[PDB]
């Protein structure tokens, strides 16, 4: 599968692609305002994620720190990023179909549009100003809007017992971004795409 990661934000972001235990393609790259980064994800990839990182500082060896989405301090991400991260989640070639979605379960840092570049399905988008409207107890000092589970670490916010309902914090992400997961047991906004589809991830799609 081909993913075109486009940065339409006015600021530089550091794109990141990982499946949890391994990097997707290079795993991470700097994206200036307007730059595009095309990566190749192996078919059958399960649990792949793409997100943006803000205010990063790496050395010549690719080791550093980001204010949002830091993946163990590496420019090329092998693990998932540190919240708050707007997540482009996808599972490819699952019994003949691809499944994509946008998730606010791990917070919000950059607006994002997750659309296919091939026919067969629609795209998802979470481009509201969640950071500007973020509740006080969820505002991340380093930028972005944390999720309730990251802030308070309770069973109800993290849905650890598998029995959880929507909260006042999750209803905030759902109100500004109804097409994205607000919590774990939220009504699925997953889009079913044809198998072996190609996609484009656009940071700040309305910029």
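Residue numbers count along the first chain shown, from 1.
Taking only CA atoms, the mean B-factor in the PDB entry is higher for 69-77 than for the other of 69-77 and 106-114. Of the two stretches examined, 5-13 and 185-193, the record assigns the greater average C-alpha temperature factor to 185-193. In this structure the maximum Cα B-factor among 156, 60, 147, 35 is found at 60. Ranked by C-alpha B-factor against the other modelled residues of its chain, residue 163 falls in the highest third.
The PDB entry assigns residue 88 a C-alpha temperature factor belonging to the lowest third of its chain's modelled residues.
Ranked against the other modelled residues of its chain, the C-alpha B-factor of residue 126 as given in the entry falls in the middle third. In this PDB entry, the Cα temperature factor of residue 207 sits in the top third of its chain's modelled residues, the highest group. Ranked by C-alpha B-factor against the other modelled residues of its chain, residue 140 falls in the highest third.
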